[PDB]
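> pasting the first chains of the complex, positions unchanged:
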Amino acid sequence: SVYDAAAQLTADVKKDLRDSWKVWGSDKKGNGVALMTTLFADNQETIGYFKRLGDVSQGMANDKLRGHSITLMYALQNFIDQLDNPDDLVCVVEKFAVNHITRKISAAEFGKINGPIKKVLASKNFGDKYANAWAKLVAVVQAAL
């Protein structure tokens, strides 16, 4: 249930998401690409899905990857901005869920992003507490896949 999953985003969780986003979302290009490179580096079996972007190993030097990465951070920005209204959060989550269903990405594989998120956040001094919060948000998308 995408709606029950959305209900998991309590006041304490929303705060942790906002607090960490103040830092993580401040450098969308830089952090977006780092998130993607981490995903590819630690989950090589997901690289094939990103064929359109060309050679993702080039990281920041890859223009299509950079564009994809920046845009991904705006999807998260979108989510953050919908935390006040469950209905709006759900409709945008569904929109992106469709994008991933077309790419044949399951709830389980979408969840492979949690490891990379925990890692990049940890590098910015935002521990398991924050990783767990972001996992709850990722779980809303998972519920829609």
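Yep, it's here. Residues are numbered from 1 along each chain as shown, chains lettered A, B, ... in the order given.
> hang on, residue A:136 packs against residue A:9?
Yes - between residue A:136 and residue A:9 there is a contact under C-beta atoms under 8 Å: 6.1 Å. The C-beta positions use only the backbone N, C-alpha and C, and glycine is treated the same way.
> out of those two, which sits in the busier spot?
residue A:9 (21 against 17; other C-beta atoms under 10 Å).
> in chain A, which spans are helices?
A:2-6, A:11-24, A:28-42, A:63-81, A:86-102, A:107-110, A:114-122, A:128-144 (DSSP state H).
> from the middle of its chain, how far away would stretch A:112-126 be?
Relative to the centre of its chain, stretch A:112-126 is centred 11 Å away, using C-alpha atoms, centre = their mean, to the nearest Å.
> er, stretch A:96-110 actually
Counting by C-alpha atoms, centre = their mean, stretch A:96-110 comes out at 12 Å from the chain centroid.
> isn't residue A:53 right next to residue A:68, touching?
Yes - applying C-beta under 8 Å, one finds residue A:53 in contact with residue A:68, separated by 5.8 Å.
> Next, the contact list for residue A:53, please.
Neighbour list for residue A:53: A:62, A:64, A:65, A:68 [criterion: C-beta atoms under 8 Å, 6 or more residues apart in numbering].
> CSV for the helices of chain A, including distance to residue A:49?
Listed next are those as CSV, based on distance: least, C-beta to C-beta, whole Å:
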stretch, distance to residue A:49
helix A:2-6, 22
helix A:11-24, 24
helix A:28-42, 10
helix A:63-81, 12
helix A:86-102, 9
helix A:107-110, 8
helix A:114-122, 15
helix A:128-144, 16
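> So residue A:4 versus residue A:12, what's the distance?
Distance of residue A:4 to residue A:12, given as C-beta to C-beta, to the nearest Å: 18 Å.
> looking at the contacts of residue A:53, which has the most residues close by?
Result: residue A:65 is most packed of the contacts of residue A:53 (other C-beta under 10 Å), 24 neighbours.
> Might one say that residue A:69 is in contact with residue A:35?
Yes - in this structure, residue A:69 is within contact of residue A:35 by C-beta under 8 Å, at 7.2 Å.
> Append chain B to the structure above:
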Amino acid sequence: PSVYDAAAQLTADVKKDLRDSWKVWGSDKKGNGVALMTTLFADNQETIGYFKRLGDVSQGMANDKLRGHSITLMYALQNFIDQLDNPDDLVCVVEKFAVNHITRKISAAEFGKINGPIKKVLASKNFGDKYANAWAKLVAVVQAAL
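Adding chain B to what we have so far:
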């Protein structure tokens, strides 16, 4: 001309006008995004068919898929606004969204149909022709990629 040529041609004045108008128009993404789409469908009814995935686009705010689409479109514009000072960054995100439309057979001319609606929504907030023209220049950067 290239997309970069269209992106690097955006002047300090055009960026100023884009930013000033976006501060207001982009502040309520849900409300103004849906208004933008509704306006496109009111004046360019021939484009309705392309949006069949969203369901009944005349349902406005009630239509959650239209709302989801509209809010996200406004974040695409947000993205654009945030990349104005770095042509390299603007071009790569413009190209990304260009692909989203190329795959749906949306031509440069068809994409440019969004200018009429933008001019009206901006006008409703008292941002006149100068601002409509500025936004037309940004839309043209995407057209350079279509």
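> ok, which residues in chain A are in contact with chain B?
Residues of chain A lying close to chain B by C-beta under 8 Å from any C-beta of the partner chain are A:28-29, A:52, A:63-64, A:66-68, A:70-71, A:74-75, A:77-78, A:81-82, A:87-88, A:90-92, A:94-96, A:98.
> I'd like to know which of the residues you listed are buried.
The neighbour-count criterion (16 or more other C-beta atoms under 10 Å in any protein chain shown) marks A:28-29, A:63-64, A:66-68, A:70-71, A:74-75, A:77-78, A:81-82, A:88, A:90-92, A:94-96, A:98 among the residues of chain A next to chain B as buried.
> tell me the phi and psi of residue A:26?
When read as degrees, to the nearest 10, the backbone of residue A:26 gives phi -80, psi -20.
> okay, now it: neighbour count?
Using other C-beta atoms under 10 Å in any protein chain shown, residue A:26 has 11 other residues around it.
> same thing with residue A:80?
Residues lying near residue A:80 (other C-beta under 10 Å) number 18.
> Leaving out the residues flanking it, which one is nearest to it?
Distance criterion C-beta to C-beta, 6 or more residues apart in numbering or on different chains; nearest residue to residue A:80, sequence neighbours excluded, is residue A:21 at 5.3 Å.
> could you measure the one you found against residue A:135, distance?
Residue A:21 is 14 Å from residue A:135, by C-beta to C-beta.
> And for residue A:36?
Applying C-beta to C-beta, the value for residue A:36 to residue A:135 is 18 Å.
> And residue A:21 and residue A:135? Which one has more around it.
The neighbour comparison of residue A:21 against residue A:135 (other C-beta under 10 Å) goes to residue A:21, with 21 against 17.
> show me the contacts for that one.
A:76, A:77, A:80 (C-beta atoms under 8 Å, 6 or more residues apart in numbering or on different chains).
> Check those residues against chain B and report the nearest one.
Lowest distance from chain B to the contacts of residue A:21 (C-beta to the nearest C-beta) belongs to residue A:77, with 6.7 Å.
> Just list the residues touching the nearest residue to that closest one once chain neighbours are set aside, thanks.
The shortest distance from residue A:77 to any non-neighbouring residue, by C-beta to C-beta, 6+ apart, is to residue A:25 (5.9 Å). Residues near residue A:25 by C-beta under 8 Å, 6+ apart: A:31, A:73, A:76, A:77, A:80.
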